[PDB]
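Presented below, as structure tokens, is a lone chain in the form deposited in one PDB entry.
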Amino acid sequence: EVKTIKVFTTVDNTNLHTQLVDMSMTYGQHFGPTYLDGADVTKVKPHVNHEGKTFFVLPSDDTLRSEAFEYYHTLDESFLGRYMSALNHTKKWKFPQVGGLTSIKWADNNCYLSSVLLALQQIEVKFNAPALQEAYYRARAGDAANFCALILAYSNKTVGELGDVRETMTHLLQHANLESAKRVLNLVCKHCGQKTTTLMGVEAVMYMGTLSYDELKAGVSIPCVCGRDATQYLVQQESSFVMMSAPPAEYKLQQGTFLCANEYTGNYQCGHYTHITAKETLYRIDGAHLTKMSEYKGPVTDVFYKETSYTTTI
């Protein structure tokens, strides 16, 4: 016998069709290219959680590859379908202005997207893709619906599933214009010797291992390629911002030492991001809710700092 599921298919997000789909075949073998909640489910077999959900059917068109590359800088023929189906969810989200910044109301595990949006409103940055920059322009004014849908598409993430704000910044900053961002590190191994690495681009602004920007300037531990544990320190930095990242741990945020930060309470499976910014005192933006603080001591994961140009003291 055949075990089926009841689902709905649509091509306009208005008129639906009842479908009893066979779990023996993929959605692509049923309907063609199919998307659900911002994810491509073309080569995906039906699963019991899909019952009652509506599926977006968008047939492929080779003539649109040139256009999609112009606006979004992508060659993925599924980007359009995932962007539209994710936007069908984000346009219903609420974007309240908290602490003079655009935040996002709690919905579909967007508490990590809220932290990404709040940090981007405080660092000087521009994106190369025209559609991503126009959406970023409207998001800074309050209309962040298209912007979050783009961030979801660029990260190959699904509406509802949790994500890391650090991982998402990696995927997003590849389309930023960090061409003139430069970072010079001096790795000091006690077997191999001293070593200059000139990192540029997305790598010149992001570090993983520590939250303190002064810790990187003075010296932070790191395993050398020979196996031994070495030490590297920042020699020259040249960008508009830096983003320090580290796994969750109790970090103490002082006033005037940083630009903004993100914290994460919970295990690896489930947790809640909240955003901290420095204005006249420390603000904590938990979605649509705001708290005020002289200082914050919690599980910080990412910290942002302002920069123009730095050089170590000889």
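Heads up: residue numbers just count along the shown sequence, starting at 1.
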| request: Could you check the entry and say whether 190 to 198 or 102 to 110 has the higher mean CA B-factor? | output: 190 to 198
| query | Looking only at CA atoms, which has the higher mean B factor in the entry: 223 to 231 or 165 to 173? | reply | 223 to 231
| Checking the entry, which one of 181, 144, 84, 151 has the top C-alpha B factor? | 181
| remark: Top Cα B-factor in this entry, restricted to 117, 218, 125, 135, sits on 218
| note | Among the modelled residues of its chain, the C-alpha B-factor of residue 274 falls in the third labelled middle
| remark: residue 139: C-alpha B-factor third of its chain, per the entry, is the lowest
| said: For the chain shown, is the CA B-factor of residue 38 in the lowest, middle or highest third of its modelled residues? | reply: lowest
| Split the chain's modelled residues into thirds by Cα B-factor; is residue 300 in the lowest, middle or highest one? | middle
| Based on the entry's values, in what third of the chain does the Cα temperature factor of residue 67 lie: lowest, middle or highest? | middle
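A second form of this protein, the form deposited in another entry, is not displayed here; the remarks below concern that form.
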| message | Between two rigid parts that rotate between the shown form and the other one, there's a hinge somewhere. Which of 79, 209, 60, 192 is there? | response | 60
| said: Relative to what's shown here, the Cα pair residue 72 and residue 12 differs by 3 Å or more in the other entry. Does it come closer or drift farther? | reply: closer
| Out of closer and farther, which fits the Cα atoms of residue 268 and residue 45 in the other entry compared with this form, where the change is 3 Å or more? | farther
